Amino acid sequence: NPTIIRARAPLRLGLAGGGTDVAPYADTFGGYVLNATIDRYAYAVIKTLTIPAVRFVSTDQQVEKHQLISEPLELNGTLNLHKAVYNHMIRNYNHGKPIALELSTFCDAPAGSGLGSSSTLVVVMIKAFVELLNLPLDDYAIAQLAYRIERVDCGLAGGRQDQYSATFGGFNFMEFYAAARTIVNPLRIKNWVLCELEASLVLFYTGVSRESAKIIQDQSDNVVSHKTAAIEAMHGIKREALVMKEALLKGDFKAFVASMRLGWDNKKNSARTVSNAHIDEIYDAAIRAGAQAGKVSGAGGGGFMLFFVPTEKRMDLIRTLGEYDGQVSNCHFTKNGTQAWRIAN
């Protein structure tokens, strides 16, 4: 009787505030991020095995297989996230006795796409074990656990917003404090506002960013080394996230676009590689085609861009982007957080 479980968690568009969730900034001044989940998913699958082994498979089809032993798996640099989730679950919920299983992942967008894929993948792996082991972990616990596994257990530097979008789902405004304290504010946005927003957003995939780690390091350095102007850009990122949140609650699209423009300027000034000449060319083309505001979705340097465009200019913008390197798509938001289902047993 093999058991087969799948879980999924939606990826996310960073709307405002990204950068203020980097460790030194959040811990010192408090960070704010406004984000929203979209119709693209990370997935994890658990299949119990009929042989004494553990198998890990990743999105880019890396594979590791081990013999069933009663010591933690070493985090040797290959598939550390899968191993660390596995180690945590075995130690904390199965009294340290290994379980014969294959843990596999796949994702609707590769890492560096600006959709929060890395942390979303950690979240979905945890969710799959929550279903397999029937664990009483609520959304806060899963998001806090995903954070621990990635940033502490696997020692990976990064932000704090992606764990929460992946778990809770929908539009959320997050407040980040010291000692890993995060408050999630679910935003119940009016239906008309959501329809108007999707009607006015165009996404543009520019390719994989290879700048995220560098951007996060530079943003962290801003605070640690007291780079005054760059810190002030970050305070601007924080301020505009709150402005945007209130604009969405009031259905004030004029304020929404003005806060995105100021936010994008602030984000570019916070780190040298957030934008580059190639990204600025697209941005400028989008503006003269009729977009009113835009930004890179994730840390920066590539991945998805999003543009706000009035409906009368929408098709013009879509045609213009067709002439650049990348893929255009509409933007559809999802309300559901991470979900699991069973296929066998």
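Numbers for residues come from their place in the sequence shown, where the first is 1.
Decide which of the stretches 120-128 and 179-187 has the higher mean C-alpha B-factor, going by the entry. Comparing 179-187 with 120-128, the higher average CA B-factor belongs to 179-187.
Which of the two stretches, 7-15 or 321-329, shows the higher mean Cα temperature factor in the record? Looking at the recorded C-alpha B-factors, 321-329 comes out higher on average.
Top residue by Cα temperature factor, when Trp192, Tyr93, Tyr86, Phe173 are compared in the entry: By C-alpha B-factor in the record, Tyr93 ranks first.
Highest Cα temperature factor in the entry, among the options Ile51, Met315, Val57, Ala36: which one is it? Result of the comparison over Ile51, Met315, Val57, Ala36: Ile51.
Considering every modelled residue of the chain and its Cα B-factor in the PDB entry, is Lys65 in the lowest, middle or highest third? Middle third.
Going by what the PDB entry lists, where does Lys295 fall on CA B-factor within its chain: lowest, middle or highest third? Answer is lowest: the recorded C-alpha B-factor places it there.
When the modelled residues of the chain are sorted by Cα temperature factor, does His82 land in the lowest, middle or highest third? Its C-alpha B-factor, which the entry lists for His82, ranks in the lowest third among residues of this chain.
Please place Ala286 in the lowest, middle or highest third of its chain by C-alpha B factor as given in the entry. For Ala286, the deposited C-alpha B-factor lands in the middle third.
CA B-factor ranking of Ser200, expressed as a third of its chain: It falls in the bottom third of the chain.
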